[PDB]
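Take a look at the structure set out below.
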Amino acid sequence: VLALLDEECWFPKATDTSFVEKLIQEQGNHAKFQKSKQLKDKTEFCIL
Amino acid sequence: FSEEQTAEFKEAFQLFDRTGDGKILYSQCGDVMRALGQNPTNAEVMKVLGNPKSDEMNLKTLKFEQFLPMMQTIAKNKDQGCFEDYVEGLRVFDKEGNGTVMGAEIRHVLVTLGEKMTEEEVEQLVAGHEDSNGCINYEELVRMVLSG
């Protein structure tokens with residue numbers, strides 16, 4: 001989250017949207033991570 | 001999709017139910033999807049439904065994380081057309097070459113080709129875009145199909 005967001009903070013192609021898209025992209029399948037309850041539209045992430 | 005528009009989709013799902021438990025008929029998939037900013041061909045959907053015939057097309061059930069992935073799995077899309085594609089693809093009833101289109105024939109293609117429209121579907125798309133002789137200015141019929 002933070003590291004993708006440091007990089008994303010220094011970024012023009014990067015939308016709070018693509019922050020969560022980069023989080024799904026990098027993490028996804030991790031046994032402590034979870035996506036939103038379908039709200040990609042609000043762009044949110046549930047985590048253990 | 002954002003949670004916002006997906007909430008609107010959650011409703012466009014929720015409305016369309018049968019036994020009352022989060023269950024949408026296969027049939028409804030593309031049509032709900034169509035309203036949700038999409039025009040997925042029956043062939044496109046049939047791929048991501050698994051080739052039912054009319055029987056289990058009418059009988060088989062979706063649920064939300066079958067529907068919403070399907071929506072997405074077409075939505076990020078490949079070929080989907082623009083004005084230039086559709087003026088040629090709607091010069092498609094030019095009879096001589098005329099800048100205006102064939103009245104019966106625009107109805108017939110819609111019955112006769114691939115994704116066979118009913119009479120109902122045919123007439124609705126076409127009606128009143130012809131003139132006295134039944135020539136349709138396609139250059140406009142195009143924009144009508146492409147936005148609305």
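Cβ coordinates were reconstructed from backbone atoms using ideal geometry, including for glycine residues, and neighbour counts include every protein chain displayed. What follows is calculated from the coordinates using simple rules that are stated; it is not laboratory data.
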For chain B, build the convex hull from the C-alpha positions and give me its volume per residue in Å³.
131
Could you work out, residue by residue across A:11-22, how many beta carbons of other chains sit within 10 Å of that residue's beta carbon, and then give the average as an integer?
0
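Which of A:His30, B:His129 comes first, and how do the rest follow, when ranked by fewest Cβ neighbours within 10 Å? Write down the numbers at each step before the final one.
Details: A:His30 10, B:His129 17.
Ascending Cβ contact count within 10 Å gives the list A:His30, B:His129.
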Give me the three principal axis extents of segment B:1-79 from the C-alpha atoms, as integers in angstrom, largest value leading.
35, 34, 17
In chain A, chymotrypsin sites (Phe, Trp or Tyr not before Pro) in a DSSP loop with at most 13 other beta-carbon atoms within 10 Å:
A:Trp10
Using alpha carbon centroids, what distance separates segment A:20-39 and segment B:23-68, in Å?
26
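Before rounding to the nearest 500, sum -39500 (n - 2.57) across all DSSP H runs of length at least 4 in chain A and divide by the residue total; then give [θ] at 222 nm in deg cm²/dmol.
Computed mean residue ellipticity for chain A: -11500 deg cm²/dmol.
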Using the Karplus equation 6.51 cos²θ - 1.76 cosθ + 1.60 (θ = phi - 60°), what ³J(HN,Hα) coupling, rounded to whole Hz, does each residue of segment B:110-118 give in order, writing x for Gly and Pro?
5, 6, 8, 8, x, 10, 4, 7, 6
In whole Hz, the Karplus estimates of ³J(HN,Hα) for segment B:12-26 (6.51, -1.76, 1.60; θ = phi - 60°; x where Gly or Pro) are 4, 6, 3, 3, 7, 9, 10, 6, x, 10, x, 9, 10, 6, 2
